[PDB]
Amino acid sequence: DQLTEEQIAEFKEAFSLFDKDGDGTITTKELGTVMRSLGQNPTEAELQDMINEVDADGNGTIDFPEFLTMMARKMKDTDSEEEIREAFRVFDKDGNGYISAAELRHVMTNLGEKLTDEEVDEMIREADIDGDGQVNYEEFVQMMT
């Protein structure tokens, strides 16, 4: 099994958007952003593993052939709005489908593969916070999928 002509064309198009010179490479730092533009949602650890697999330099680059090879294997399709919703629920104290905007911010920037404040501010910014400083997280579930 392998990538079809259509997929190859789709991937080249996506990869090319991040190829500043048309030289056939994307910086290693942007590998994740590119897979993400194709619909994937890889963890930071998975990316680092992929990068290490092809002995790339963190301040270095990756090429189309290896990129294609990575996508052929590493590309998955197990996500769903259910898992992102259950992830938020883990922090839903009352179970009524809301969470504290400030607790979300604090957890997201300290636990796990922490986000920067800017990234979280970007996320919260697109949701409506109500009087008790809470957010209807189904808003995130919707926009994240």
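One-based numbering along the sequence shown.
- Stretches compared: 90 to 98, 113 to 121. Higher mean C-alpha B-factor in the entry: 90 to 98.
- Comparing the deposited coordinates for 66 to 74 and 102 to 110, the stretch with the larger average C-alpha B-factor is 66 to 74.
- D57: CA B factor in the highest third of modelled residues in this chain (values from the PDB entry).
- In the deposited entry, the Cα temperature factor of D79 sits in the top third of values across the chain's modelled residues.
- Compared with the other modelled residues of the chain, the Cα B-factor recorded for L3 ranks in the middle third.
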